[PDB]
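J.: Build the 3D model from these lines:
(2 chains)
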There are 2 protein chains.
Amino acid sequence: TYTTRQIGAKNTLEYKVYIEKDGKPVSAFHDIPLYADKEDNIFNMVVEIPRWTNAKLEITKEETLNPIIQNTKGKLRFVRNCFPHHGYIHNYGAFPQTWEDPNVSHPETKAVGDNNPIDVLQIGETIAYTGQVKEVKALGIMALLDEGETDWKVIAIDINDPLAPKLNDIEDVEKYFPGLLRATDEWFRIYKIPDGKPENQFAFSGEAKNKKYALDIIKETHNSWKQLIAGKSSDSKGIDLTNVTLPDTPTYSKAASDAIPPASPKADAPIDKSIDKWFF
Amino acid sequence: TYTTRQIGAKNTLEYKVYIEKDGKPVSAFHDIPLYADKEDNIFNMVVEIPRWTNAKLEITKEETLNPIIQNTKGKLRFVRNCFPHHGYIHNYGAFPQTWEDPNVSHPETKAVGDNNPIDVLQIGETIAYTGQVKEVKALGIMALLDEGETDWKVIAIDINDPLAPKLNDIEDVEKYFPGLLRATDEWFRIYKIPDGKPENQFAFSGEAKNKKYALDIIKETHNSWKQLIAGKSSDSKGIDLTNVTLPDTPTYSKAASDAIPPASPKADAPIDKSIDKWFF
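T.: Numbers count the residues shown, from 1 in each chain, chains lettered A, B, ... in the order given. Sharing the structure here:
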């Protein structure tokens, strides 16, 4: 996408993240393709959860979509610091341009699909870029069945980062990052534990596929989101489609950019000392 | 001790940390007792390595002692981010007022003793205070024999922090923080690995004692440092003893406080992206 605007905050509850594309705002999940960068190579992705971070920000329902500190009980959602590890490790992306239809769950995914786009986790040597739009190639794919919701795990890396031609499938890692697998598997369950959510239960007995399953899963991810733009296609379009990158959608308001107020970066808001808590 | 002055930096190489006691500077390892706070309870300690931190700062040879980013090869010493875990986890203290005499190693400590004071690691819910002088009670004690050097591990916690009357011995943790033990054991070895230092090899086959061994080990720690102040006592006094808290030492220059230039906190200096590296 390019650069983004920092809406001063980081927790408070006003920190509005807005990524900008070239010369003007943008829109993740919409104004963010994917199969870009050597169609026969990989694609770009967005970030909204740097490693070692108890914070969790998303992007949906706002206009152009943007990460945030999800709420629910009037307050920022801080992910527990599970004993093993720290806060949030893996980074997190969200191959924007896709949508996990709640219904349609393909074979081997009863929990059908969900709302939020797709979850992507890249093990890039460098930290995250809370909205940092960097490239990366898909490796393996992980699936997690939680609260009747078809969840999947994508493996992407900074194609530009070292270990490029080194990682091109699941097998690898084990040799390079032999401990990133099972390390991710659980960490997810307990992720809900200290919060009111016991375990989850990974799909496929608990095994993940390779890029083959990723590319496909990632492919049928955009299409499901593409065949949606159409207009009414989806019988349930609860979100902002508006896209100035598709003059073929009754939502091409290329004027929804200037409207976006200029960035207002303030300062990282202090986080309750409750976080940094190793929940065993 | 009280408050301290931040010598702007955090890495650059000018970040000079200087803790202040009440109304005036101080001196760790010297102007920092220990058996203070219910002689029949615990004692205070200093910090210089917050959890999840690849940075390593000490305090010795400067005047009043102060943490730093040890060098050796013209450059800040950044601890690897070993795969398992992150950067630096445990915090780290240094029951100032003691000294591990290079010679004299008691029975069960061939590698005799070393220089640096004593290493202390407290699992306080709250983060560290790079120099934060907080209380805490001693629990267990760990020893590590590396490069012919009698190293020990102290277990202290924010007596004020939760899990107080809960933790009072090694056994515990296992139930409270069942995973903090072995978690510390190694993490140390590989600590040198990605740097040029293979493994280490914990002492006592690799087992640690309880508070009993800690209190004693911690006790004979100060004495060894006390019987030193005397003056020449130690045949090798390579450091600054100057102490304005002991008008009984040819180094009681209570005037070494005003001299200390006022704090000059600047801003956290950017750290090479080389750090945040999970070395498997």
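J.: where exactly do the helices run in the stretch 151-280 of chain A?
T.: A:171-174, A:181-185, A:189-196, A:211-229 (DSSP state H, counting those that start in this stretch).
J.: And the ones you listed: which comes nearest residue A:121?
T.: Nearest of those to residue A:121, taken as C-beta to C-beta: helix A:181-185 at 6.9 Å. Backbone N, C-alpha and C define where each C-beta goes, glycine included.
J.: in the closest one, what counts as buried?
T.: Buried residues in helix A:181-185, counted by 16 or more other C-beta atoms under 10 Å in any protein chain shown: A:181, A:183, A:184, A:185.
J.: and the helices of the stretch 151-280 of chain A, which is most packed in?
T.: Greatest average neighbour count among the helices of the stretch 151-280 of chain A goes to helix A:211-229 (a mean of 18), per mean count of other C-beta atoms under 10 Å in any protein chain shown.
J.: Is residue A:50 in contact with residue A:128, as I believe?
T.: Yes - when contacts are counted by C-beta atoms under 8 Å, residue A:50 is listed as touching residue A:128 (3.1 Å).
J.: what sits in contact with each of those two?
T.: Contact criterion C-beta atoms under 8 Å, 6 or more residues apart in numbering or on different chains; residues shared by residue A:50 and residue A:128: residue A:91.
J.: Quick check: the gap between residue A:239 and residue B:136.
T.: 50 Å (C-beta to C-beta, to the nearest Å).
J.: give me the element the residue nearest to residue A:271 when sequence neighbours are not counted is part of.
T.: Nearest residue to residue A:271 in three dimensions, chain neighbours excluded: residue A:11, at 5.3 Å (C-beta to C-beta, 6 or more residues apart in numbering or on different chains). In this assignment (DSSP states H and E), residue A:11 forms part of neither any helix nor any strand.
J.: Could you check how far residue A:11 is from residue B:22?
T.: Look at residue A:11 and residue B:22: by C-beta to C-beta, they are 34 Å apart.
J.: Which one's more surrounded, these two?
T.: Comparing residue A:11 with residue B:22 by neighbour count (other C-beta atoms under 10 Å in any protein chain shown), the higher total belongs to residue A:11, at 17 against 8.
J.: so the more buried one touches residue A:53, yeah?
T.: No - with contacts counted by C-beta under 8 Å, residue A:11 stays clear of residue A:53, the gap being 11.0 Å.
J.: who touches the most centrally placed residue in chain A in this structure?
T.: Central residue of chain A (C-alpha atoms, centre = their mean): residue A:94, 2.7 Å from the mean position. Shown in contact with residue A:94 (C-beta under 8 Å, 6+ apart): A:28, A:29, A:45, A:46, A:48, A:58, A:59, A:116, A:117, A:118, A:119, A:120.
J.: which of those residues are buried?
T.: For the contacts of residue A:94, buried by 16+ other C-beta under 10 Å: A:28, A:29, A:45, A:46, A:48, A:58, A:59, A:117, A:118, A:119, A:120.
J.: From chain B, how far off is the residue lying closest to the fourth one once chain neighbours are set aside?
T.: Just to be clear, that refers to residue A:46. The spatially closest residue to residue A:46, leaving aside those adjacent along the chain, is residue A:28, at 5.0 Å (C-beta to C-beta, 6+ apart). According to C-beta to the nearest C-beta, to the nearest Å, residue A:28 and chain B sit 24 Å apart.
J.: what about the residue lying closest to residue A:228 once chain neighbours are set aside, how many neighbours?
T.: In space, and not counting its chain neighbours, residue A:228 is closest to residue A:234: 4.8 Å by C-beta to C-beta, 6+ apart. For residue A:234, the neighbour count with other C-beta under 10 Å is 19.
J.: My guess is residue A:234 contacts residue A:225. True?
T.: No - contact criterion C-beta under 8 Å: residue A:234 and residue A:225 do not qualify, at 9.5 Å.
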